[PDB]
Amino acid sequence: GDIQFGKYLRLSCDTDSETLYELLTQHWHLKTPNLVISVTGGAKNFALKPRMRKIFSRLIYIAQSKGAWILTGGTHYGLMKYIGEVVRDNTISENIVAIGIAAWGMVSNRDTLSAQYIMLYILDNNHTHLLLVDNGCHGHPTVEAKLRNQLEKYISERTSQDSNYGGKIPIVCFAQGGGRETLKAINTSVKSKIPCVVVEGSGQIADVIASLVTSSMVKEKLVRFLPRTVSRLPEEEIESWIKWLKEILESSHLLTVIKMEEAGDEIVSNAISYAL
Amino acid sequence: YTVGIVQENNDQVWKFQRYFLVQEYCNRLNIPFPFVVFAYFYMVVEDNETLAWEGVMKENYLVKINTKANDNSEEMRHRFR
Amino acid sequence: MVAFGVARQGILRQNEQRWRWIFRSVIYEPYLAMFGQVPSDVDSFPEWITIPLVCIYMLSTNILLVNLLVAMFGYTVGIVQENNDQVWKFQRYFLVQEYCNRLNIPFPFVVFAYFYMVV
Amino acid sequence: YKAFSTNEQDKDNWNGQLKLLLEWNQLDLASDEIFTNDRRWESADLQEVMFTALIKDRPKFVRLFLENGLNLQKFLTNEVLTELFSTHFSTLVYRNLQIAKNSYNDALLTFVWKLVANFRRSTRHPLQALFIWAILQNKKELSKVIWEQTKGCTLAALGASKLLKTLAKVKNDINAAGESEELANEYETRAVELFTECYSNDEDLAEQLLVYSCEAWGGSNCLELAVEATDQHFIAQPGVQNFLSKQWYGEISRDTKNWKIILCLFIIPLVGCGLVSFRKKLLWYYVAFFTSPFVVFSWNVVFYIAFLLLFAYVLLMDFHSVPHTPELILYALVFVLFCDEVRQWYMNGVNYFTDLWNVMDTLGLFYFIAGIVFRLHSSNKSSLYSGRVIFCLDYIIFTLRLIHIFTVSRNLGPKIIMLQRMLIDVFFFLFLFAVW
Amino acid sequence: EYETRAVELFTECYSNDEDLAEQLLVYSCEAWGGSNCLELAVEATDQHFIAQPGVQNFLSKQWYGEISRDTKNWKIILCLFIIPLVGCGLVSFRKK
Amino acid sequence: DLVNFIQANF
Ligand SMILES: CCCCCCCC(=O)OC[C@H](COP(=O)(O)O[C@@H]1[C@H](O)[C@H](O)[C@@H](OP(=O)(O)O)[C@H](OP(=O)(O)O)[C@H]1O)OC(=O)CCCCCCC
């Protein structure tokens, strides 16, 4: 069904990325000079920090300039809603392309079809494109991460001659919020050789990685960054978090961290260019 | 006494009067007087996009006005500390 | 001034058929029916109500004239505010170029210069 | 705060900590401890704290609450707004507002007074109402915070500037008037800068915004409010002048030479002969050219000159007890003027009478009709002479109206503008000279 | 320097309060010099001190007396000739 | 077309 209040499509998890990319390229979207994915995290409330706003404004401006694809969760609650609102504002002012990928089961209201979705999770209507994964139907745990990672890896495998970047289209992961899902996404991106940029100074896991960029120090940083999260998390959760931290830090050159001191203009662009 | 009156620039006042005259002659039946007589007899018988653009330019203006504090050497002192 | 003179001539003389005479008089009377001269006063249908009319006409003309003069001088202070030194230097360049790229001979002796130049 | 938190008696409850920080105005601690990424927030949770911050004049806390997922539109309910206006509105400000309403009445001031009365006694633009409430009480920071959320930012700034100026014209309290005046100047500067920047970004969107009339913000647009406030600075900006010039020239290209247009005016066929390259078929060219306000103005001035010449000819050469054909033509032309005056009177009648030059023109028309009535009495030569006198008065006042037309040209417009003030001062000087 | 100090002090104080400032201005000390602030400023030709908004407001209030300072002058002039208009709603008095 | 393509894809 097409949400109107863009295009929302329900696709199974076991879907070949090649077919989706061919569909998008043939008649829906043009070749993408750049592609950036943002992992907001489990939290549905995004704190409008003094610095995060400018960072993401610069990110969206860069994406518009380069005609990039912005991938997010698409949830109307949290950072994704802010990104969608900023995309709509820029559109009101070359078209920006935003894809929100989520799980159909977690969606609160399901409308089948040109059915219109009008306001359990809620998705932002600002996003121009949306994808709903459905393998564990009516399943609380998130399952879109696998498809997102597979699609990102396939797009990395692609090759565009027009782009100045040699061969494959550039892809940059982004991490501003903390959470287990964010850490898993960072691990998958690192295993995929696609660089990720972590916003140091904001978020729990992001700041932990920034400080790391051993095991006891990692645990102490994780506890300090998210006291409530570490207190609620069990010992097995802490062990898994430390394992993922060690796995991601094994490849430091890929990950890039924005310095807390660095707060000038065009810092996001500089960091992304350095990572690429 | 007259030198003081002429000290004040009349350019702004003339521009104001120009606006008045332009409004008078624009919101008016654009016909010459010889042919305007029949005009009276004949007479007797988007926004959201503009406001959004205004808000965007407001965001840019607010950033520009708030950058003034950037020139202060406080940031360097904080980095040093 | 001419509008005032037209108003005065209309009120004083009626149906003046001499087109040359009326055309000259309309312009000529208001200026000389004022500080310049007083032919209208000699010419001066109730008189007891006529005298205030000429009095007010003269008062209005005088006040308008003084206002014009003072406004003109005030306007002039702005023109003189701008320095004329740069403009004079510009004109100096123009004159120097005119007199330099020219046969450096006085006018009494320059006549033969053109004949020599042609050949 | 440390005693309240470490005590553990109310550590679980966060609203108490937030209220405590708000009361003492500890912004940094509020941003650090109470507000954190882990904590979840809802607008209903903040409602009361936001209201208290508004009451206590805590602009920074208001901004912080707005940033952290607070919907100002939903919060500003009718009950909240009426309660705020009824109780937390200072009596001194209400007295000043009444004084302004009585002594210095204005189109916008009566509107805001009606809005205030409606909310005080018992929801089109709640944001505008809140901004007005902040402005009337000379709250600089809170007013700016609210303004950052309004949709009509430049329009709101102009309205605030005008309202603050008319409020500062009061004399009940000097300090409040000075604060209002400085705040008005600040908002005028903000509006000018915002419109400049925006006009630099884009031109057509800027002009659309300028001419746009809000959903009854005050019943007026940015330009009208600037004019009413005599904001010469805002209109003198390049963008507004360019807009006015485009309006004046219409479809005609603004860069085309004026002498070309003047020459082609007399000679019709040149209109579509390659001259006057129109900004946007020969018939289309002709209609566009003749619909131009500049061409209409030139035609009107030529017609007025011809009418004055005919009037002077009638008075000087052809005046008889019985009207002649030139006199009938003069009557027709003055009737055309009269019907044009009626048409213009239908609109802005209050402004029609208020204008000094407009009242002068109406008085001249009345004088002309009176002179016609006097001249109709051919039986008595005295009546005819009185009608002739009235006709002379009509001629002079018509010349005054003609003088008004010349103001358009830049060459001699400022000259007349200066002449008026010089005339006033010289009249006073001549009065003193007269006395001694 | 002392003139500047006095001007700033009186401005600041007149901004804080109005009635206390005026009482201070008209107050005569226990024979400091036999004169008040206003008289001393006048004798020194301190035009700067008197030109300040507070002093001008005080003088205007003294000039208009009980009549409200914000009322239109033409109303007062018109009512002067016509006595009955005095208590007919015009000239709203500041204070039967 | 678009509906048929979507059905073919899934
Ligand atoms: C005898 C009684 C009176 C006789 C008539 C006497 C009437 C009379 O005296 O007006 C003179 C007037 C002068 O025009 P004027 O020079 O002021 O026009 C402006 C001027 O050229 C400025 O310099 C321009 O700005 P800038 O240089 O770029 O900075 C501006 O362009 P823009 O910036 O706005 O785009 C121009 O608009 O010419 C007419 O067209 C009026 C039509 C009159 C028609 C006359 C029909 C006979």
# chains A, B, ... in the order shown; residues from 1 in each chain; ligands from 1
>>> residues_near_ligand(ligand="ligand 1", cutoff="8 Å", atoms="only C-alpha atoms and all ligand atoms", output="NGL selection string")
:D and (241-242 or 244-246 or 254-255 or 258-259 or 262 or 294 or 297-299 or 301-302 or 305 or 406 or 408-412)
>>> write_last_selection(atoms="N, CA, C and O atoms", output="PDB file, in the first residue's frame")
ATOM      1  N   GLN D 241      12.141  47.697  -3.593  1.00  0.00           N
ATOM      2  CA  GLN D 241      12.184  48.657  -4.688  1.00  0.00           C
ATOM      3  C   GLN D 241      12.090  47.958  -6.035  1.00  0.00           C
ATOM      4  O   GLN D 241      11.411  48.440  -6.946  1.00  0.00           O
ATOM      5  N   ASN D 242      12.775  46.824  -6.186  1.00  0.00           N
ATOM      6  CA  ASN D 242      12.678  46.069  -7.429  1.00  0.00           C
ATOM      7  C   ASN D 242      11.257  45.569  -7.653  1.00  0.00           C
ATOM      8  O   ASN D 242      10.749  45.602  -8.778  1.00  0.00           O
ATOM      9  N   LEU D 244       8.490  46.968  -6.551  1.00  0.00           N
ATOM     10  CA  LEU D 244       7.681  48.121  -6.926  1.00  0.00           C
ATOM     11  C   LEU D 244       7.941  48.528  -8.369  1.00  0.00           C
ATOM     12  O   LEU D 244       7.009  48.876  -9.099  1.00  0.00           O
ATOM     13  N   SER D 245       9.204  48.503  -8.795  1.00  0.00           N
ATOM     14  CA  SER D 245       9.525  48.870 -10.169  1.00  0.00           C
ATOM     15  C   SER D 245       8.914  47.889 -11.158  1.00  0.00           C
ATOM     16  O   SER D 245       8.397  48.293 -12.205  1.00  0.00           O
ATOM     17  N   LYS D 246       8.976  46.593 -10.852  1.00  0.00           N
ATOM     18  CA  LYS D 246       8.353  45.606 -11.723  1.00  0.00           C
ATOM     19  C   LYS D 246       6.851  45.821 -11.794  1.00  0.00           C
ATOM     20  O   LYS D 246       6.245  45.694 -12.865  1.00  0.00           O
ATOM     21  N   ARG D 254      12.154  46.176 -17.441  1.00  0.00           N
ATOM     22  CA  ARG D 254      12.577  47.299 -16.616  1.00  0.00           C
ATOM     23  C   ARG D 254      13.851  47.941 -17.145  1.00  0.00           C
ATOM     24  O   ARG D 254      14.096  49.125 -16.893  1.00  0.00           O
ATOM     25  N   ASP D 255      14.670  47.185 -17.873  1.00  0.00           N
ATOM     26  CA  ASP D 255      15.947  47.691 -18.355  1.00  0.00           C
ATOM     27  C   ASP D 255      15.831  48.494 -19.642  1.00  0.00           C
ATOM     28  O   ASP D 255      16.801  49.157 -20.024  1.00  0.00           O
ATOM     29  N   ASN D 258      13.879  54.551 -21.064  1.00  0.00           N
ATOM     30  CA  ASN D 258      12.636  55.296 -20.892  1.00  0.00           C
ATOM     31  C   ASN D 258      12.304  56.117 -22.132  1.00  0.00           C
ATOM     32  O   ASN D 258      11.132  56.223 -22.516  1.00  0.00           O
ATOM     33  N   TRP D 259      13.316  56.717 -22.764  1.00  0.00           N
ATOM     34  CA  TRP D 259      13.050  57.540 -23.937  1.00  0.00           C
ATOM     35  C   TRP D 259      12.421  56.722 -25.054  1.00  0.00           C
ATOM     36  O   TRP D 259      11.593  57.241 -25.808  1.00  0.00           O
ATOM     37  N   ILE D 262       8.748  56.562 -24.178  1.00  0.00           N
ATOM     38  CA  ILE D 262       8.103  57.856 -24.377  1.00  0.00           C
ATOM     39  C   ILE D 262       7.891  58.116 -25.862  1.00  0.00           C
ATOM     40  O   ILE D 262       6.811  58.537 -26.291  1.00  0.00           O
ATOM     41  N   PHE D 294       2.871  52.366 -16.280  1.00  0.00           N
ATOM     42  CA  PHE D 294       3.667  53.516 -16.694  1.00  0.00           C
ATOM     43  C   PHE D 294       3.038  54.216 -17.892  1.00  0.00           C
ATOM     44  O   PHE D 294       2.940  55.451 -17.927  1.00  0.00           O
ATOM     45  N   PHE D 297      -0.020  56.053 -16.756  1.00  0.00           N
ATOM     46  CA  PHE D 297       0.348  57.291 -16.083  1.00  0.00           C
ATOM     47  C   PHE D 297       0.718  58.374 -17.088  1.00  0.00           C
ATOM     48  O   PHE D 297       0.319  59.536 -16.940  1.00  0.00           O
ATOM     49  N   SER D 298       1.491  58.012 -18.112  1.00  0.00           N
ATOM     50  CA  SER D 298       1.868  58.994 -19.124  1.00  0.00           C
ATOM     51  C   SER D 298       0.640  59.514 -19.867  1.00  0.00           C
ATOM     52  O   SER D 298       0.501  60.724 -20.100  1.00  0.00           O
ATOM     53  N   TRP D 299      -0.270  58.613 -20.235  1.00  0.00           N
ATOM     54  CA  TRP D 299      -1.504  59.033 -20.886  1.00  0.00           C
ATOM     55  C   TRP D 299      -2.308  59.956 -19.986  1.00  0.00           C
ATOM     56  O   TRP D 299      -2.859  60.962 -20.446  1.00  0.00           O
ATOM     57  N   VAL D 301      -1.251  61.931 -17.548  1.00  0.00           N
ATOM     58  CA  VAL D 301      -0.638  63.251 -17.416  1.00  0.00           C
ATOM     59  C   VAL D 301      -0.849  64.065 -18.687  1.00  0.00           C
ATOM     60  O   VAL D 301      -1.123  65.270 -18.628  1.00  0.00           O
ATOM     61  N   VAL D 302      -0.728  63.430 -19.856  1.00  0.00           N
ATOM     62  CA  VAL D 302      -0.973  64.147 -21.107  1.00  0.00           C
ATOM     63  C   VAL D 302      -2.412  64.648 -21.157  1.00  0.00           C
ATOM     64  O   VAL D 302      -2.681  65.801 -21.527  1.00  0.00           O
ATOM     65  N   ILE D 305      -2.877  67.588 -18.847  1.00  0.00           N
ATOM     66  CA  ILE D 305      -2.310  68.805 -19.419  1.00  0.00           C
ATOM     67  C   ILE D 305      -3.250  69.385 -20.465  1.00  0.00           C
ATOM     68  O   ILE D 305      -3.488  70.599 -20.507  1.00  0.00           O
ATOM     69  N   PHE D 406       3.722  65.200 -10.571  1.00  0.00           N
ATOM     70  CA  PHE D 406       5.143  65.233 -10.892  1.00  0.00           C
ATOM     71  C   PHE D 406       5.982  64.457  -9.888  1.00  0.00           C
ATOM     72  O   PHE D 406       7.145  64.152 -10.175  1.00  0.00           O
ATOM     73  N   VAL D 408       6.221  61.510  -9.164  1.00  0.00           N
ATOM     74  CA  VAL D 408       6.686  60.187  -9.575  1.00  0.00           C
ATOM     75  C   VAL D 408       8.146  60.242 -10.006  1.00  0.00           C
ATOM     76  O   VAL D 408       8.959  59.397  -9.615  1.00  0.00           O
ATOM     77  N   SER D 409       8.498  61.231 -10.822  1.00  0.00           N
ATOM     78  CA  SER D 409       9.848  61.295 -11.365  1.00  0.00           C
ATOM     79  C   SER D 409      10.864  61.490 -10.248  1.00  0.00           C
ATOM     80  O   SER D 409      10.671  62.315  -9.350  1.00  0.00           O
ATOM     81  N   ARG D 410      11.952  60.721 -10.307  1.00  0.00           N
ATOM     82  CA  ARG D 410      13.005  60.847  -9.307  1.00  0.00           C
ATOM     83  C   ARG D 410      13.658  62.220  -9.355  1.00  0.00           C
ATOM     84  O   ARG D 410      14.148  62.711  -8.332  1.00  0.00           O
ATOM     85  N   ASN D 411      13.675  62.853 -10.528  1.00  0.00           N
ATOM     86  CA  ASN D 411      14.425  64.093 -10.690  1.00  0.00           C
ATOM     87  C   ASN D 411      13.894  65.188  -9.774  1.00  0.00           C
ATOM     88  O   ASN D 411      14.668  65.880  -9.104  1.00  0.00           O
ATOM     89  N   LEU D 412      12.570  65.354  -9.720  1.00  0.00           N
ATOM     90  CA  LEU D 412      11.959  66.475  -9.015  1.00  0.00           C
ATOM     91  C   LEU D 412      10.962  66.029  -7.949  1.00  0.00           C
ATOM     92  O   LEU D 412      10.133  66.831  -7.510  1.00  0.00           O
TER      93      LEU D 412
END
>>> residues_around(residues="residue 66 of chain A", least_positions_apart="3", cutoff="8 Å", atoms="only C-alpha atoms", output="ChimeraX atom specification")
/A:33-34,62-63
>>> write_last_selection(atoms="N, CA and C atoms", output="PDB file, in the first residue's frame")
ATOM      1  N   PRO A  33      25.179   8.640  -6.645  1.00  0.00           N
ATOM      2  CA  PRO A  33      26.593   8.917  -6.355  1.00  0.00           C
ATOM      3  C   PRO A  33      27.002   8.524  -4.950  1.00  0.00           C
ATOM      4  N   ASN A  34      26.085   8.577  -3.986  1.00  0.00           N
ATOM      5  CA  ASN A  34      26.429   8.288  -2.602  1.00  0.00           C
ATOM      6  C   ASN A  34      25.225   7.702  -1.878  1.00  0.00           C
ATOM      7  N   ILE A  62      24.453  17.688   2.338  1.00  0.00           N
ATOM      8  CA  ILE A  62      25.434  16.975   1.527  1.00  0.00           C
ATOM      9  C   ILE A  62      24.748  15.917   0.678  1.00  0.00           C
ATOM     10  N   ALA A  63      23.805  15.183   1.268  1.00  0.00           N
ATOM     11  CA  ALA A  63      23.094  14.160   0.512  1.00  0.00           C
ATOM     12  C   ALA A  63      22.341  14.774  -0.659  1.00  0.00           C
TER      13      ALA A  63
END
>>> closest_atom_pairs(of="segment 116-180 of chain A", to="segment 85-90 of chain A", cutoff="12 Å", atoms="only C-alpha atoms", output="Markdown table")
| residue | atom | partner | partner_atom | distance |
| --- | --- | --- | --- | --- |
| A:124 | CA | A:85 | CA | 8.6 |
| A:125 | CA | A:85 | CA | 8.9 |
| A:126 | CA | A:85 | CA | 6.0 |
| A:127 | CA | A:87 | CA | 7.7 |
| A:128 | CA | A:87 | CA | 9.0 |
>>> residues_around(residues="residue 58 of chain B", least_positions_apart="3", cutoff="9 Å", atoms="only C-alpha atoms", output="PyMOL selection string")
(chain B and resi 53-55+61-63) or (chain D and resi 148+153+194+197-198)
>>> write_last_selection(atoms="C-alpha atoms", output="CSV table (one decimal), in the first residue's frame")
chain,number,residue,atom,x,y,z
B,53,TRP,CA,10.5,28.4,2.4
B,54,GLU,CA,10.3,31.3,4.8
B,55,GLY,CA,11.0,29.0,7.7
B,61,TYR,CA,19.3,33.5,9.3
B,62,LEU,CA,19.3,32.2,12.9
B,63,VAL,CA,22.4,30.3,12.3
D,148,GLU,CA,11.3,31.4,16.1
D,153,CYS,CA,8.1,35.3,10.8
D,194,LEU,CA,15.4,38.1,7.2
D,197,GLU,CA,18.6,37.2,3.1
D,198,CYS,CA,15.5,35.4,1.8
>>> select_by_dssp(residues="segment 5-242 of chain A", states="strand (DSSP E or B)", output="VMD selection string")
chain A and resid 7 to 11 35 to 39 69 to 72 75 97 to 103 107 121 123 129 to 133 171 to 175 196 to 199
>>> write_last_selection(atoms="C-alpha atoms", output="PDB file, in the first residue's frame")
ATOM      1  CA  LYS A   7       5.532   4.390  -1.771  1.00  0.00           C
ATOM      2  CA  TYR A   8       5.420   1.681   0.902  1.00  0.00           C
ATOM      3  CA  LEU A   9       6.171  -1.898  -0.131  1.00  0.00           C
ATOM      4  CA  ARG A  10       6.032  -5.116   1.887  1.00  0.00           C
ATOM      5  CA  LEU A  11       8.864  -7.492   0.963  1.00  0.00           C
ATOM      6  CA  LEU A  35      24.501   6.295  -0.015  1.00  0.00           C
ATOM      7  CA  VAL A  36      24.415   6.931   3.737  1.00  0.00           C
ATOM      8  CA  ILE A  37      22.647   4.813   6.365  1.00  0.00           C
ATOM      9  CA  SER A  38      21.790   6.120   9.833  1.00  0.00           C
ATOM     10  CA  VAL A  39      21.240   3.832  12.824  1.00  0.00           C
ATOM     11  CA  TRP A  69      20.223   7.769  -0.718  1.00  0.00           C
ATOM     12  CA  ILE A  70      19.449   8.172   2.990  1.00  0.00           C
ATOM     13  CA  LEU A  71      18.496   4.917   4.714  1.00  0.00           C
ATOM     14  CA  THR A  72      16.776   4.920   8.107  1.00  0.00           C
ATOM     15  CA  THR A  75       9.699   5.113  12.435  1.00  0.00           C
ATOM     16  CA  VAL A  97      15.700  10.118  -1.630  1.00  0.00           C
ATOM     17  CA  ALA A  98      14.877   8.624   1.776  1.00  0.00           C
ATOM     18  CA  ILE A  99      14.134   4.946   2.415  1.00  0.00           C
ATOM     19  CA  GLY A 100      12.720   3.794   5.738  1.00  0.00           C
ATOM     20  CA  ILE A 101      13.037   0.059   6.403  1.00  0.00           C
ATOM     21  CA  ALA A 102      11.104  -1.509   9.273  1.00  0.00           C
ATOM     22  CA  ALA A 103       9.311  -4.702  10.289  1.00  0.00           C
ATOM     23  CA  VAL A 107       3.855  -1.619  12.849  1.00  0.00           C
ATOM     24  CA  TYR A 121       5.013   1.296  16.041  1.00  0.00           C
ATOM     25  CA  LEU A 123       6.244   5.270  10.674  1.00  0.00           C
ATOM     26  CA  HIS A 129      10.055   5.346   0.276  1.00  0.00           C
ATOM     27  CA  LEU A 130       9.365   2.581   2.775  1.00  0.00           C
ATOM     28  CA  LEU A 131      10.025  -1.146   3.020  1.00  0.00           C
ATOM     29  CA  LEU A 132       8.365  -3.587   5.427  1.00  0.00           C
ATOM     30  CA  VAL A 133      10.125  -6.877   6.143  1.00  0.00           C
ATOM     31  CA  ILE A 171      28.709   3.931   1.007  1.00  0.00           C
ATOM     32  CA  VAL A 172      29.044   5.393   4.506  1.00  0.00           C
ATOM     33  CA  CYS A 173      27.436   4.049   7.653  1.00  0.00           C
ATOM     34  CA  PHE A 174      26.441   6.542  10.337  1.00  0.00           C
ATOM     35  CA  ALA A 175      26.072   6.095  14.096  1.00  0.00           C
ATOM     36  CA  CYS A 196      31.095   3.979   9.408  1.00  0.00           C
ATOM     37  CA  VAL A 197      31.227   7.429  11.003  1.00  0.00           C
ATOM     38  CA  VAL A 198      30.454   7.598  14.724  1.00  0.00           C
ATOM     39  CA  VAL A 199      29.431  10.895  16.325  1.00  0.00           C
TER      40      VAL A 199
END
>>> residues_around(residues="residue 6 of chain F", least_positions_apart="3", cutoff="12 Å", atoms="only C-alpha atoms", output="short mmCIF file (atom, residue, chain, number, x, y, z; two decimals) with C-alpha atoms, in the first residue's frame")
data_model
loop_
_atom_site.label_atom_id
_atom_site.label_comp_id
_atom_site.auth_asym_id
_atom_site.auth_seq_id
_atom_site.Cartn_x
_atom_site.Cartn_y
_atom_site.Cartn_z
CA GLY A 1 0.00 0.00 0.00
CA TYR A 8 5.42 1.68 0.90
CA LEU A 9 6.17 -1.90 -0.13
CA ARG A 10 6.03 -5.12 1.89
CA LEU A 11 8.86 -7.49 0.96
CA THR A 19 16.03 -7.77 -7.98
CA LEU A 20 15.24 -4.78 -5.75
CA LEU A 23 13.70 -2.50 -9.99
CA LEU A 24 14.79 0.75 -8.37
CA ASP F 1 2.67 -2.88 -15.32
CA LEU F 2 3.81 -1.70 -11.89
CA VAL F 3 1.35 -4.00 -10.11
CA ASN F 9 8.97 -9.81 -7.89
CA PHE F 10 7.12 -11.38 -4.95
#
>>> select_by_dssp(residues="chain B", states="alpha helix (DSSP H)", output="PyMOL selection string")
chain B and resi 2-7+11-26+33-44+47-66+74-80
>>> interface_residues(of="chain C", to="chain B", cutoff="8 Å", atoms="only C-alpha atoms", output="list in words")
residues 70, 71, 74, 75, 77 and 78 of chain C
>>> closest_atom_pairs(of="chain A", to="chain B", cutoff="12 Å", atoms="only C-alpha atoms", output="JSON lines")
{"residue": "A:50", "atom": "CA", "partner": "B:63", "partner_atom": "CA", "distance": 12.0}
{"residue": "A:53", "atom": "CA", "partner": "B:59", "partner_atom": "CA", "distance": 11.5}
{"residue": "A:54", "atom": "CA", "partner": "B:63", "partner_atom": "CA", "distance": 9.4}
{"residue": "A:57", "atom": "CA", "partner": "B:59", "partner_atom": "CA", "distance": 10.6}
{"residue": "A:58", "atom": "CA", "partner": "B:60", "partner_atom": "CA", "distance": 12.0}
{"residue": "A:85", "atom": "CA", "partner": "B:52", "partner_atom": "CA", "distance": 11.3}
{"residue": "A:86", "atom": "CA", "partner": "B:56", "partner_atom": "CA", "distance": 9.7}
{"residue": "A:87", "atom": "CA", "partner": "B:56", "partner_atom": "CA", "distance": 11.5}
{"residue": "A:88", "atom": "CA", "partner": "B:52", "partner_atom": "CA", "distance": 9.4}
{"residue": "A:89", "atom": "CA", "partner": "B:52", "partner_atom": "CA", "distance": 6.7}
{"residue": "A:90", "atom": "CA", "partner": "B:56", "partner_atom": "CA", "distance": 7.8}
{"residue": "A:91", "atom": "CA", "partner": "B:53", "partner_atom": "CA", "distance": 9.5}
{"residue": "A:92", "atom": "CA", "partner": "B:49", "partner_atom": "CA", "distance": 6.0}
{"residue": "A:93", "atom": "CA", "partner": "B:53", "partner_atom": "CA", "distance": 5.1}
{"residue": "A:259", "atom": "CA", "partner": "B:79", "partner_atom": "CA", "distance": 11.5}
{"residue": "A:260", "atom": "CA", "partner": "B:79", "partner_atom": "CA", "distance": 9.7}
{"residue": "A:261", "atom": "CA", "partner": "B:79", "partner_atom": "CA", "distance": 6.5}
{"residue": "A:262", "atom": "CA", "partner": "B:79", "partner_atom": "CA", "distance": 9.5}
{"residue": "A:263", "atom": "CA", "partner": "B:75", "partner_atom": "CA", "distance": 9.4}
{"residue": "A:264", "atom": "CA", "partner": "B:70", "partner_atom": "CA", "distance": 8.8}
{"residue": "A:265", "atom": "CA", "partner": "B:67", "partner_atom": "CA", "distance": 10.2}
>>> residues_around(residues="segment 46-49 of chain E", least_positions_apart="2", cutoff="9 Å", atoms="only C-alpha atoms", output="MDAnalysis selection string")
chainID E and resid 3:4 6:7 10 38 40:44 51:52 55
>>> interface_residues(of="chain E", to="chain D", cutoff="12 Å", atoms="only C-alpha atoms", output="JSON, numbers by chain")
{"E": [11, 12, 13, 14, 15, 16, 17, 18, 19, 52, 53, 54, 55, 56, 57, 58, 60, 61, 67, 68, 69, 70, 71, 72, 73, 74, 75, 89, 90, 91, 92, 94]}
>>> write_last_selection(atoms="C-alpha atoms", output="short mmCIF file (atom, residue, chain, number, x, y, z; two decimals), in the first residue's frame")
data_model
loop_
_atom_site.label_atom_id
_atom_site.label_comp_id
_atom_site.auth_asym_id
_atom_site.auth_seq_id
_atom_site.Cartn_x
_atom_site.Cartn_y
_atom_site.Cartn_z
CA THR E 11 19.02 57.69 34.93
CA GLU E 12 19.48 54.31 36.53
CA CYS E 13 17.54 55.30 39.58
CA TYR E 14 14.71 56.87 37.47
CA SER E 15 14.52 53.62 35.53
CA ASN E 16 14.17 51.63 38.75
CA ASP E 17 11.43 53.86 40.17
CA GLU E 18 9.71 57.05 39.03
CA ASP E 19 7.99 58.59 42.06
CA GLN E 52 17.32 63.35 30.17
CA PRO E 53 13.92 61.65 29.72
CA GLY E 54 13.13 61.54 33.43
CA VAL E 55 13.57 65.27 34.00
CA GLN E 56 11.57 66.09 30.88
CA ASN E 57 8.77 63.80 32.02
CA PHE E 58 8.79 65.47 35.44
CA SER E 60 5.75 67.79 31.54
CA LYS E 61 3.79 66.36 34.47
CA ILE E 67 -4.46 66.63 33.31
CA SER E 68 -3.32 63.38 31.72
CA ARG E 69 -0.19 63.99 29.66
CA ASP E 70 -1.31 61.62 26.89
CA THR E 71 -4.59 63.43 26.15
CA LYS E 72 -4.68 65.27 22.84
CA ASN E 73 -3.80 68.96 22.98
CA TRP E 74 -6.56 69.91 20.54
CA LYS E 75 -9.12 68.45 22.95
CA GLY E 89 -15.67 62.79 29.27
CA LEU E 90 -12.82 64.68 27.61
CA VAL E 91 -9.40 65.43 29.09
CA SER E 92 -9.34 62.25 31.16
CA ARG E 94 -4.82 61.52 35.72
#
>>> residues_around(residues="residue 370 of chain D", least_positions_apart="6", cutoff="10 Å", atoms="only C-alpha atoms", output="list in words")
residues 364, 376, 386, 387, 390 and 391 of chain D
>>> atom_distance(atom1="atom CA of residue 153 of chain A", atom2="atom CA of residue 205 of chain A")
23.1 Å
>>> residues_around(residues="residue 388 of chain D", least_positions_apart="4", cutoff="12 Å", atoms="only C-alpha atoms", output="number ranges by chain")
C: 7-15; D: 311-312, 314-316, 318-321, 367-378, 381-384, 392-395
>>> interface_residues(of="chain D", to="chain A", cutoff="7 Å", atoms="only C-alpha atoms", output="PyMOL selection string")
chain D and resi 37+40+67-68
>>> atom_distance(atom1="atom CA of residue 216 of chain A", atom2="atom CA of residue 182 of chain A")
21.2 Å
>>> atom_distance(atom1="atom CA of residue 31 of chain D", atom2="atom CA of residue 42 of chain A")
21.7 Å
>>> decode(residues="segment 11-18 of chain E", atoms="C-alpha atoms", output="compact mmCIF listing (two decimals), in the first residue's frame")
# COMPACT_ATOMS: atom_id res chain seq x y z
CA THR E 11 19.02 57.69 34.93
CA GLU E 12 19.48 54.31 36.53
CA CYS E 13 17.54 55.30 39.58
CA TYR E 14 14.71 56.87 37.47
CA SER E 15 14.52 53.62 35.53
CA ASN E 16 14.17 51.63 38.75
CA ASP E 17 11.43 53.86 40.17
CA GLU E 18 9.71 57.05 39.03
